[PDB]
Amino acid sequence: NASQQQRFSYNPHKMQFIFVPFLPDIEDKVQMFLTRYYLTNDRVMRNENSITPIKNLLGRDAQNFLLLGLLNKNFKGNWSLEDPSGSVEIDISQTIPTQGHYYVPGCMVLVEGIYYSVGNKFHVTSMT
Amino acid sequence: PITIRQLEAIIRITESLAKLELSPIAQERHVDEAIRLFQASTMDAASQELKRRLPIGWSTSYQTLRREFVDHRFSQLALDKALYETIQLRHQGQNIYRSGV
Amino acid sequence: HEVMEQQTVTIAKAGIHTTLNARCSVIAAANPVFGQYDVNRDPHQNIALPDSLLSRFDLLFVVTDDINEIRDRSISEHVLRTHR
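Residue numbers (PDB author numbering), protein chains in the order written: chain B, 174 to 194, 207 to 233, 266 to 345; chain 5, 647 to 693, 716 to 739, 741 to 753, 759 to 775; chain 3, 487 to 570.
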């Protein structure tokens, strides 16, 4: 029963679930997208060329990473990517990605490239 | 004015709350609270049409802009979409929005 | 000016006027007159010191606080691993 099911919350610190139990709350809406990324996060650690958030690369200015995030879009040509530590504009200028299942927005994907903070436009080598 | 002494200020609050916890190490979540407290103290420290039409920018917004363009590709929905680095639009948003025009 | 140029100190108080030797090395550290305008106004008198002291001192360093990013990251890891 969907209306009568339980509820389990993920903890990135303990990597485990807790005994969680009309309308919902705002904190729930916020923790919604957070839980998806962290579940995918643990799924990435099981598959073992590393892991680094967005702010760390924008914190740098030179290079080279396969960043993980949600393909959102804020403005015209402004295809953003989002993790829990910042946003970054993404470009697909002359990109030959793989023949993926279905690259769609609102999807957590992986793209390789360089930051190049001079124009502050992250580049894509291939979408996978 | 930011210096590295500002980083030196951010970094010590971490250990102060750590001294409350009495634990010998520092944590990720235990340190990031300080970013909110310090950012609150320094942001208060720091803080074609439009341009060639109204340099001040006031009164020339969506009412007047909708009028000017009306008098043929502008749509109200398209207005709020295409409209949303002229900082005049940012400032207008802060003020002219609830001003109505 | 006397200490830095003649390498001697003459003390003439009511007791006994004397003359002795001290050939010391001196390092000083001052701020600009107001704010960070060290290259903005004019190269001259950003300090408002006497004119003879310019010729008295040997080297005059002008240090900026140029903001960049390679430098910013390197300052970050230097001071951060410094604390460990």
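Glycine included, every Cβ here is placed at the ideal spot set by N, Cα and C.
- Residue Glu717 (chain 5) holds the alpha-carbon nearest to the alpha-carbon of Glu736 (chain 5) among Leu746 (chain 5), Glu717 (chain 5), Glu759 (chain 5) and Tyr753 (chain 5).
- Judged by beta-carbon spacing, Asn289 (chain B) lies within the 8 Å limit of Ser297 (chain B), meaning their Cβ atoms are closer than that value.
- Residue burial annotation: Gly774 (chain 5) is exposed, with fewer than 16 other C-beta atoms found within 10 angstroms of its C-beta.
- Under the Cβ criterion of 8 Å, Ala751 (chain 5) is counted among the residues facing chain B.
- A Cβ-Cβ contact shorter than 8 Å links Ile271 (chain B) with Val305 (chain B).
- Between the stretch 546–561 of chain 3 and the stretch 508–526 of chain 3 there are three or more inter-stretch CB-CB distances shorter than 8 Å, so the stretches are counted as touching.
- With 16 or more other Cβ atoms from the protein chains shown falling within 10 Å of its own Cβ, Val328 (chain B) counts as buried.
- For the set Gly501 (chain 3), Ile502 (chain 3) and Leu506 (chain 3), the Cα lying nearest the Cα of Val495 (chain 3) is the one of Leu506 (chain 3).
- For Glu563 (chain 3), not one C-beta of chain B is nearer than 8 Å to its own C-beta.
- In this structure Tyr753 (chain 5) is exposed. Its beta-carbon is surrounded by fewer than 16 other beta-carbon atoms within 10 angstroms.
- Contact with chain B is found for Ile556 (chain 3), since one of that chain's Cβ atoms lies less than 8 Å from the residue's Cβ.
- For the C-beta of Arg559 (chain 3), the chain B residues within less than 8 Å are, from N- to C-terminus, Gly276, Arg277 and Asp278.
- Not a single C-beta of chain 3 is nearer than 8 Å to the C-beta of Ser302 (chain B).
- Put simply, the backbone Cα of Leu284 (chain B) is about 7 Å away from that of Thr269 (chain B).
- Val341 (chain B) sits in coil when the DSSP states are folded into three classes, being neither helix nor strand.
- Looking at the backbone, the Cα of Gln652 (chain 5) and that of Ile191 (chain B) are separated by about 39 Å.
- Counting only the Cα atoms, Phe181 (chain B) lies some 16 Å from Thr225 (chain B).
- Residues of the stretch 322–341 of chain B whose Cβ lies closer than 8 Å to any Cβ of chain 3, in chain order: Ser334.
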